[PDB]
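Structure record follows, encoded as structure tokens.
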Amino acid sequence: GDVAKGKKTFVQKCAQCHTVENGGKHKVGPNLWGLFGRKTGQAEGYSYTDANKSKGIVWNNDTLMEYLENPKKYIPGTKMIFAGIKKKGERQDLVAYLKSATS
Ligand code: HEC
């Protein structure tokens, strides 16, 4: 996806609850550094719900694309209160940015 477009999407819809940089602070949600290739709920020092921690899947392009379309559907009981990015293209660009900004 388009990294530049994904960045603006992140700033507009995710930034209020997330940071992505290495050593980033946890806000409403956990810092996202190192997300790809890691199982759900593994950000150091963040208090996740049992649901996010128990999902047991590995975050990557395919799981992030599904999750971001409807967070609560993928992880019922999650405390991430966000409806999701409905457009696939917008979601793909966001994932592209996430991959670039989190490593
Ligand atoms: C606050 C109102 C939020 C907004 C807007 C977004 N997210 Fe979030 N996110 C939030 C919380 C409180 C949590 C933890 C949920 C829990 O049940 O513990 C999360 C979690 C995520 C995750 C999973 C992280 C992990 O498993 O380590 C991802 C990948 C994530 N959030 C992504 C994300 C994106 C890309 C957003 C914008 C579209 C976004 N979130 C917004 C709270 C909030």
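Header lists the method as X-ray crystallography, 2.0 Å.
Quick reminder: no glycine exception, Cβ is built from N, Cα and C everywhere.
Some features that Swiss-Prot has for this protein:
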- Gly1: N-acetylglycine (MOD_RES)
- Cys14, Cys17, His18, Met80: heme c binding site (BINDING)
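Structure coloured by features recorded in Swiss-Prot.
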| residue | record | contacts (Cβ under 8 Å, 6+ apart) |
| --- | --- | --- |
| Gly1 | N-acetylglycine | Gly89, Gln92, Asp93, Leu94, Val95, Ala96, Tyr97 |
| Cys14 | heme c binding site | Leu94 |
| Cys17 | heme c binding site | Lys27, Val28, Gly29, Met80, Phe82 |
| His18 | heme c binding site | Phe10, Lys27, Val28, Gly29, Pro30, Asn31, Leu32 |
Among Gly1, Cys14, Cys17, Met80, please name the recorded positions whose Cβ is nearer than 6 Å to ligand 1.
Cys14, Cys17, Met80
Taking the centre of the Cβ atoms of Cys14, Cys17, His18, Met80 as the heme c site, the remaining residues of that chain with Cβ inside 8 Å are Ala15, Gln16, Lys27, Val28, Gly29, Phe82
How big is the heme c site in terms of the longest C-alpha to C-alpha distance among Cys14, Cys17, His18, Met80, in angstrom?
11
Please classify the secondary structure at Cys17 (heme c binding site) using three-state DSSP.
coil
